[PDB]
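Here is the file structure_12.csv (CSV, C-alpha atoms).
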```csv
chain,number,residue,atom,x,y,z
G,1,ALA,CA,0.2,-6.0,17.9
G,2,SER,CA,3.4,-3.9,18.1
G,3,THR,CA,4.8,-2.7,14.8
G,4,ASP,CA,8.5,-3.0,14.1
G,5,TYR,CA,9.3,-1.2,10.8
G,6,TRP,CA,9.4,2.5,9.8
G,7,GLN,CA,9.0,3.1,6.1
G,8,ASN,CA,10.1,6.7,5.0
G,9,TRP,CA,11.1,7.2,1.4
G,10,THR,CA,11.1,10.3,-0.8
G,11,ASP,CA,12.6,10.9,-4.3
G,12,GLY,CA,13.6,14.3,-3.0
G,13,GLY,CA,10.8,16.4,-4.5
G,14,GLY,CA,9.3,19.3,-2.6
G,15,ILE,CA,8.6,18.9,1.2
G,16,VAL,CA,7.7,15.6,2.8
G,17,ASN,CA,7.5,16.0,6.6
G,18,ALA,CA,7.3,12.6,8.1
G,19,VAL,CA,7.1,12.0,11.9
G,20,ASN,CA,7.9,8.6,13.4
G,21,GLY,CA,5.4,8.9,16.3
G,22,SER,CA,4.6,7.0,19.5
G,23,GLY,CA,4.3,3.2,18.9
G,24,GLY,CA,2.2,2.6,15.8
G,25,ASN,CA,1.5,6.3,15.0
G,26,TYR,CA,2.8,8.4,12.2
G,27,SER,CA,2.0,11.7,10.5
G,28,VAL,CA,3.0,13.1,7.1
G,29,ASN,CA,2.7,16.7,6.0
G,30,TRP,CA,3.7,17.1,2.4
G,31,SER,CA,3.6,19.8,-0.3
G,32,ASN,CA,4.7,20.2,-3.9
G,33,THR,CA,6.2,16.7,-3.8
G,34,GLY,CA,7.6,14.2,-6.3
G,35,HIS,CA,6.8,10.6,-5.3
G,36,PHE,CA,7.2,9.4,-1.8
G,37,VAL,CA,6.0,6.5,0.4
G,38,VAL,CA,5.8,6.6,4.3
G,39,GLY,CA,4.3,4.2,6.8
G,40,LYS,CA,4.5,1.8,9.7
G,41,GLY,CA,4.4,-2.0,9.7
G,42,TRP,CA,6.5,-5.1,9.9
G,43,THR,CA,9.9,-5.8,8.2
G,44,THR,CA,8.7,-9.2,7.3
G,45,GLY,CA,5.2,-9.5,5.8
G,46,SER,CA,3.0,-12.6,6.1
G,47,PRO,CA,0.2,-13.9,3.9
G,48,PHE,CA,-1.6,-14.6,7.2
G,49,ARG,CA,-1.3,-11.2,8.7
G,50,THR,CA,-4.4,-9.2,9.9
G,51,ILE,CA,-3.7,-5.4,9.9
G,52,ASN,CA,-5.6,-2.9,12.1
G,53,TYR,CA,-5.3,0.9,11.5
G,54,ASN,CA,-7.1,4.1,12.3
G,55,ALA,CA,-6.4,7.1,10.0
G,56,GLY,CA,-7.2,10.0,12.2
G,57,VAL,CA,-6.3,12.4,9.4
G,58,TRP,CA,-6.8,11.6,5.7
G,59,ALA,CA,-6.5,14.9,3.8
G,60,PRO,CA,-4.7,14.7,0.4
G,61,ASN,CA,-4.8,17.7,-1.9
G,62,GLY,CA,-4.3,16.0,-5.2
G,63,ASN,CA,-3.0,12.5,-5.8
G,64,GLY,CA,-2.3,10.3,-2.7
G,65,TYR,CA,-3.1,6.7,-1.6
G,66,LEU,CA,-4.1,5.3,1.8
G,67,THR,CA,-2.9,1.7,1.4
G,68,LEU,CA,-1.4,-1.6,2.6
G,69,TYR,CA,1.8,-1.7,0.8
G,70,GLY,CA,4.6,-4.4,0.6
G,71,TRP,CA,6.9,-6.6,-1.4
G,72,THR,CA,8.1,-10.2,-1.8
G,73,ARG,CA,11.3,-11.3,-3.3
G,74,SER,CA,11.8,-14.7,-5.2
G,75,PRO,CA,10.3,-13.4,-7.4
G,76,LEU,CA,10.0,-9.7,-7.0
G,77,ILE,CA,6.3,-8.4,-6.5
G,78,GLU,CA,5.1,-5.1,-5.2
G,79,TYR,CA,1.5,-5.3,-3.8
G,80,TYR,CA,-1.4,-2.9,-2.6
G,81,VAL,CA,-4.5,-2.9,-0.7
G,82,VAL,CA,-6.0,0.4,-1.4
G,83,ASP,CA,-8.6,1.6,1.0
G,84,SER,CA,-8.7,5.3,0.1
G,85,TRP,CA,-7.2,7.8,-2.3
G,86,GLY,CA,-7.2,11.5,-3.4
G,87,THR,CA,-8.2,12.9,-6.8
G,88,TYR,CA,-7.0,9.7,-8.6
G,89,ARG,CA,-8.2,6.0,-8.2
G,90,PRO,CA,-5.3,3.6,-9.3
G,91,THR,CA,-6.2,0.7,-11.7
G,92,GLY,CA,-4.5,-1.8,-14.1
G,93,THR,CA,-5.6,-5.0,-15.9
G,94,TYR,CA,-8.9,-6.2,-14.3
G,95,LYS,CA,-8.8,-9.7,-13.0
G,96,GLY,CA,-12.1,-9.8,-10.9
G,97,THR,CA,-13.4,-8.9,-7.4
G,98,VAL,CA,-13.0,-9.7,-3.7
G,99,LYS,CA,-15.2,-8.9,-0.7
G,100,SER,CA,-13.2,-8.3,2.5
G,101,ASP,CA,-13.9,-6.3,5.7
G,102,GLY,CA,-17.2,-4.7,4.7
G,103,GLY,CA,-15.8,-3.5,1.3
G,104,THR,CA,-15.8,-4.7,-2.3
G,105,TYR,CA,-12.4,-4.4,-4.1
G,106,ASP,CA,-11.3,-4.7,-7.8
G,107,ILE,CA,-8.3,-6.9,-8.5
G,108,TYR,CA,-5.8,-5.7,-11.0
G,109,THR,CA,-2.3,-6.6,-12.2
G,110,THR,CA,0.4,-4.2,-13.7
G,111,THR,CA,3.8,-4.6,-15.1
G,112,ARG,CA,6.5,-2.0,-14.3
G,113,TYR,CA,9.4,-1.7,-16.7
G,114,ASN,CA,12.7,0.2,-16.3
G,115,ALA,CA,11.5,0.8,-12.8
G,116,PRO,CA,13.1,1.1,-9.3
G,117,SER,CA,12.8,-2.2,-7.2
G,118,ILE,CA,12.6,-2.3,-3.4
G,119,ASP,CA,16.4,-1.9,-3.6
G,120,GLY,CA,16.3,1.1,-6.0
G,121,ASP,CA,17.9,-0.6,-9.0
G,122,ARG,CA,15.9,-0.5,-12.3
G,123,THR,CA,14.4,-3.7,-13.7
G,124,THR,CA,11.0,-5.2,-14.7
G,125,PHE,CA,8.4,-6.6,-12.2
G,126,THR,CA,4.7,-7.2,-11.6
G,127,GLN,CA,2.4,-5.4,-9.2
G,128,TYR,CA,-0.7,-6.9,-7.6
G,129,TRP,CA,-3.6,-4.6,-6.5
G,130,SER,CA,-6.8,-4.8,-4.6
G,131,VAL,CA,-8.4,-1.3,-4.9
G,132,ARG,CA,-11.6,-0.5,-3.0
G,133,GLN,CA,-14.6,0.3,-5.4
G,134,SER,CA,-15.5,3.5,-3.4
G,135,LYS,CA,-13.4,5.1,-0.7
G,136,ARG,CA,-13.5,3.5,2.8
G,137,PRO,CA,-14.6,5.9,5.5
G,138,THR,CA,-11.7,7.1,7.7
G,139,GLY,CA,-11.3,8.1,11.4
G,140,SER,CA,-12.7,4.9,13.1
G,141,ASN,CA,-10.8,1.5,13.5
G,142,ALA,CA,-10.5,-0.5,10.3
G,143,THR,CA,-9.2,-4.0,9.6
G,144,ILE,CA,-7.6,-5.3,6.4
G,145,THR,CA,-7.9,-9.0,6.3
G,146,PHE,CA,-4.9,-9.7,4.1
G,147,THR,CA,-5.4,-13.5,3.7
G,148,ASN,CA,-8.7,-12.7,2.0
G,149,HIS,CA,-6.7,-10.8,-0.6
G,150,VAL,CA,-3.9,-13.4,-0.8
G,151,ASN,CA,-6.6,-16.1,-1.4
G,152,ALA,CA,-8.5,-14.2,-4.1
G,153,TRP,CA,-5.3,-13.2,-5.9
G,154,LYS,CA,-4.3,-16.9,-6.0
G,155,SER,CA,-7.7,-17.8,-7.7
G,156,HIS,CA,-6.7,-15.2,-10.4
G,157,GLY,CA,-3.2,-16.6,-11.1
G,158,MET,CA,-1.5,-14.0,-8.9
G,159,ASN,CA,1.0,-15.9,-6.7
G,160,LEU,CA,3.2,-14.1,-4.1
G,161,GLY,CA,6.9,-14.8,-3.6
G,162,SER,CA,8.3,-17.1,-1.0
G,163,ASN,CA,10.7,-14.6,0.7
G,164,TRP,CA,8.6,-11.8,2.3
G,165,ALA,CA,9.9,-8.3,2.7
G,166,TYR,CA,8.2,-5.4,4.5
G,167,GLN,CA,4.5,-4.8,4.9
G,168,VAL,CA,3.2,-1.4,6.0
G,169,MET,CA,0.0,0.7,6.2
G,170,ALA,CA,1.2,3.7,4.0
G,171,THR,CA,0.7,7.2,2.6
G,172,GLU,CA,2.0,7.3,-1.0
G,173,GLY,CA,1.8,10.5,-3.0
G,174,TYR,CA,2.4,11.5,-6.6
G,175,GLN,CA,3.2,15.2,-7.3
G,176,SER,CA,0.7,16.5,-4.8
G,177,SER,CA,0.3,18.2,-1.4
G,178,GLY,CA,-1.5,17.1,1.9
G,179,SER,CA,-1.8,15.8,5.5
G,180,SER,CA,-2.3,12.4,7.1
G,181,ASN,CA,-2.2,10.8,10.5
G,182,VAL,CA,-2.4,6.9,10.6
G,183,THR,CA,-2.0,4.5,13.6
G,184,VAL,CA,-1.1,0.9,12.9
G,185,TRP,CA,-1.5,-2.2,15.1
```

Structure translated into structure tokens:
Amino acid sequence: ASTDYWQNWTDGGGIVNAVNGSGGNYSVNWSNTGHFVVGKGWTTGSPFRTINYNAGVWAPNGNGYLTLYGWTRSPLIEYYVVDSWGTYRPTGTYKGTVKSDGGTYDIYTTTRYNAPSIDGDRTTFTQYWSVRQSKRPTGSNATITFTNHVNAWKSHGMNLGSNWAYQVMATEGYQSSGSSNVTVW
């Protein structure tokens, strides 16, 4: 499917060189950064959506995530489906496990306090995570069956909002350097 949304945010730390490529393709080259998030997807996420991607380059030097990333409003939730990462595996309060698309994921919740929302203003809000148990191999075509993760989250008391905001396959980094090239359809 065609993607329609370009996600490109940086807090202004070091160098984050993001290229909005052809169709669903993007690249990021970063170095000495703060925190940033870059990817391609859809402005309006769906709990039914099935995401295909091929990360031609996954080369973080330090702490970066290769991840489905998105938000709902009413209420405000930030969510992840983490397929690969750098030096650091993200975690939070363990809720259980889900099998999807050839992988086993851990389910976690977090709370963020005094923290920038989708809109940038500081408040308190919950995050939902599925994080793969070991890293997914990269460079061939990969599916994330989001509804598997929506369903398993619901069985663990993790309900998503009613008003969907954007939903992208992203590179997120934390005080690191690296290169990535992801294609999303």

What's around region 64-77 of chain G at 7 Å? Count all atoms listed in the file, leave out sequence neighbours fewer than 4 positions away in its own chain, and write the answer as a short mmCIF file (atom, residue, chain, number, x, y, z; two decimals) with C-alpha atoms, in the frame of the given file.
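That gives us part.cif:
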```
data_model
loop_
_atom_site.label_atom_id
_atom_site.label_comp_id
_atom_site.auth_asym_id
_atom_site.auth_seq_id
_atom_site.Cartn_x
_atom_site.Cartn_y
_atom_site.Cartn_z
CA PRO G 60 -4.70 14.70 0.40
CA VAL G 81 -4.50 -2.90 -0.70
CA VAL G 82 -6.00 0.40 -1.40
CA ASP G 83 -8.60 1.60 1.00
CA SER G 84 -8.70 5.30 0.10
CA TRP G 85 -7.20 7.80 -2.30
CA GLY G 86 -7.20 11.50 -3.40
CA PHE G 125 8.40 -6.60 -12.20
CA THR G 126 4.70 -7.20 -11.60
CA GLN G 127 2.40 -5.40 -9.20
CA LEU G 160 3.20 -14.10 -4.10
CA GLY G 161 6.90 -14.80 -3.60
CA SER G 162 8.30 -17.10 -1.00
CA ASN G 163 10.70 -14.60 0.70
CA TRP G 164 8.60 -11.80 2.30
CA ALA G 165 9.90 -8.30 2.70
CA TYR G 166 8.20 -5.40 4.50
CA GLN G 167 4.50 -4.80 4.90
CA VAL G 168 3.20 -1.40 6.00
CA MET G 169 0.00 0.70 6.20
CA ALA G 170 1.20 3.70 4.00
CA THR G 171 0.70 7.20 2.60
CA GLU G 172 2.00 7.30 -1.00
CA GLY G 173 1.80 10.50 -3.00
CA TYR G 174 2.40 11.50 -6.60
#
```

- prompt: Pick the closest to residue 58 (chain G) from G:19, G:38, G:182, G:1: which is it, counting all atoms listed in the file?
  reply: G:182

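Here CA of residue 15 (chain G) stands at a distance of 15.8 Å from CA of residue 59 (chain G).
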
- prompt: Of the candidates G:47, G:21, G:92, G:62, which shows the shortest atom-to-atom distance to residue 144 (chain G), using all atoms listed in the file?
  reply: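 Of the candidates, the smallest distance to residue 144 (chain G) is held by G:47.
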
task: Tell me which of G:52, G:3, G:183, G:109 sits closest to residue 142 (chain G), counting all atoms listed in the file.
output: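 Counting all atoms listed in the file, the residue closest to residue 142 (chain G) is G:52.
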
message: Here is a test: counting all atoms listed in the file, which residue of G:44, G:104, G:179, G:97 is nearest to residue 153 (chain G)?
response: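 Of all the options, G:97 lies closest to residue 153 (chain G).
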
- line: Nearest to residue 30 (chain G), restricted to only C-alpha atoms and choosing among G:17, G:50, G:43, G:145, comes out as G:17

message: Nearest residue to residue 115 (chain G) out of G:78, G:154, G:177, G:139, using only C-alpha atoms?
response: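 Result for the nearest residue to residue 115 (chain G): G:78.
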
query: For the point (9.7, 2.9, 10.9) in file coordinates, what residues are within 8 Å, counting only C-alpha atoms? Give the answer as a PyMOL selection string?
result: chain G and resi 4-8+20+39-41

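Coordinates place CA of residue 124 (chain G) at a distance of 17.2 Å from CA of residue 108 (chain G).
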
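CA of residue 129 (chain G) lies 4.8 Å from CA of residue 80 (chain G).
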